[PDB]
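Take a look at the structure set out below.
Residue numbers (the entry's author numbering): 19 to 255.
In structure tokens:
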């Protein structure tokens with residue numbers, strides 16, 4: 019359905035593009051303040067190879083990097099953007115889309131806990147490096163893992179959070195690469211409150227140390243229903 023907020027990176031061509039935003043000048047589509055003291059290019063980079071190639075409407079993807087200097091409100095490793103919008107991202111039934119992957123370079127550490135693509139309250143999020151299968155990418159809702167999959171290098175993992183803000187439930191749509199989203203977890207109860215500036219597009223890791231981690235993110239947006247299941251122009255399916 020209609021796109022409520024568009025996290026396309028098409029207008030974000032270099033790291034400095036994220037620096038245009040400030041609390042006094044809330045331009046563009048992303049808030050950029052949850053970060054270390056380093057230059058933005060230490061944490062956020064943009065490139066055509068950083069996207070899910072099946073997402074044909076996008077020129078590039080985002081490499082999110084955490085290192086030992088990525089420290090904002092604590093020693094935890096954090097590199098996170100937040101949607102910038104005047105819209106209500108927390109009423110009705112909305113679908114929070116994104117695609118994520120890792121490579122073999124600066125591979126996330128499966129021995130350490132990560133929270134990724136999370137709301138402030140963690141009512142839904144992805145984690146890595148935790149639980150029974152720490153090398154799995156798990157999706158959580160209401161504090162409980164509902165789904166997980168081996169976090170295979172170079173595989174593009176497509177997701178949508180199917181959030182019913184009225185009934186206060188969240189389900190999960192998922193697929194890989196160019197395949198269309200299928201609903202893999204039916205909606206489960208959670209405290210779905212969002213203030214519409216508290217969804218964290220990025221990565222938190224609790225334990226701080228070298229070496230760095232790269233996560234890749236593309237095709238980020240939030241739409242009304244009915245869900246768009248097709249990835250890109252559908253050609254890679």
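A virtual CB, placed ideally from N, CA and C, is assigned to each residue, including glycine.
- Task: Kindly indicate which residue of 74, 240, 72 and 63 has the alpha-carbon position closest to the one of residue 135.
- Result: The residue given as residue 135 occupies position 117 in the chain shown. The option with the nearest alpha carbon to residue 135 is 240.
- With which residues is residue 98 paired in a DSSP beta bridge? Counting from one through the chain shown, the residue named residue 98 turns up at place 80. According to DSSP, residue pairing for residue 98 in a beta bridge involves 52 and 220.
- Message: Which complete beta strand (DSSP E) runs does the segment 158-238 hold, if anything under 3 residues is left out?
- Response: Within the segment 158-238, the complete beta strand (DSSP E) runs of at least 3 residues are 162-168, 175-182, 187-194, 200-207 and 217-223.
- Message: Counting beta carbon pairs with one atom in the segment 29-44 and one in the segment 219-228, are three or more of them shorter than 8 Å?
- Response: The segment 29-44 and the segment 219-228 do not touch, with fewer than three beta-carbon pairs separated by less than 8 Å.
- Closer than 8 Å by C-beta to residue 214: which residues in its own chain qualify, once you throw out the five before and the five after it? Chain order, please. To locate residue 214, count along the chain shown from 1; it is residue 196. Excluding residues within five positions, the ones whose Cβ falls inside 8 Å are 101, 103, 105, 106, 107 and 108.
- Expressed to the nearest angstrom, what Euclidean distance is found between the alpha-carbon atoms of residue 194 and residue 44? Here residue 194 refers to the residue found at position 176 of the chain shown. Here residue 44 refers to the residue found at position 26 of the chain shown. So the two alpha carbons sit approximately 34 Å from each other.
- Query: Where does residue 23 land, buried or exposed, given buried means 16+ other C-beta within 10 angstroms?
  - Reply: Position 5 of the chain shown, counting from 1, holds the residue named residue 23. Looking at its Cβ environment, which holds 16 or more other Cβ atoms inside 10 Å, residue 23 is buried.
- Does the beta-carbon of residue 188 have 16 or more other beta-carbons within 10 angstroms, so that it is buried, or is it exposed? As a first step, residue 188 is located in the chain shown; it is residue number 170 there, counting from the start. Under this definition residue 188 is a buried residue.
- Query: What residue from 231, 25 and 228 has the CA that sits closest to residue 113's CA?
  - Reply: As a first step, residue 113 is located in the chain shown; it is residue number 95 there, counting from the start. Of the candidates 231, 25 and 228, the one whose C-alpha sits nearest the C-alpha of residue 113 is 25.
- Message: I need the straight-line Cα distance from residue 160 to residue 20, nearest angstrom please.
- Response: To locate residue 160, count along the chain shown from 1; it is residue 142. To locate residue 20, count along the chain shown from 1; it is residue 2. Residue 160 and residue 20: Cα-Cα distance of roughly 27 Å.
- Query: In terms of alpha-carbon separation, which member of 152, 82, 77 and 182 lies closest to residue 230?
  - Reply: Walking along the chain shown from the start, residue 230 turns up at place 212. Closest by alpha carbon: 82.
- Pull up the DSSP beta-bridge partners for residue 65, would you. Here residue 65 is taken as the residue at index 47 of the chain shown, counted from 1. Answer is 79, bridged to residue 65.
- Give every residue of the same chain whose Cβ lies closer than 8 Å to the Cβ of residue 57, excluding the five residues on either side of it in the sequence, and list them in chain order. To locate residue 57, count along the chain shown from 1; it is residue 39. Contacts found: 33.
- Task: Look up residue 137 in the DSSP assignment and say whether it is helix, strand or coil.
- Result: Locating residue 137 in the chain shown gives position 119, counting from the first residue. Residue 137: strand per DSSP, three-state reduction.
- Message: Within a Cβ cutoff of 6 Å, which residues of the same chain sit near residue 152, ignoring the five residues on either side of it in sequence?
- Response: The sequence position of residue 152 within the chain shown is 134, counting from 1. 128.
- Can at least three beta-carbon pairs, one atom from the segment 171-181 and one from the segment 115-122, be found at a separation below 8 Å? Yes, since at least three Cβ pairs between the segment 171-181 and the segment 115-122 fall closer than 8 Å, the two stretches touch.
- Message: Output needed for residue 52: all residues of its chain with C-beta closer than 6 Å, excluding positions within five of it in sequence on either side, in chain order.
- Response: Locating residue 52 in the chain shown gives position 34, counting from the first residue. Sequence-distant partners of residue 52 (beyond 5 residues in either direction) whose C-beta falls short of 6 Å from its own C-beta, in its chain, are 90, 96 and 98.
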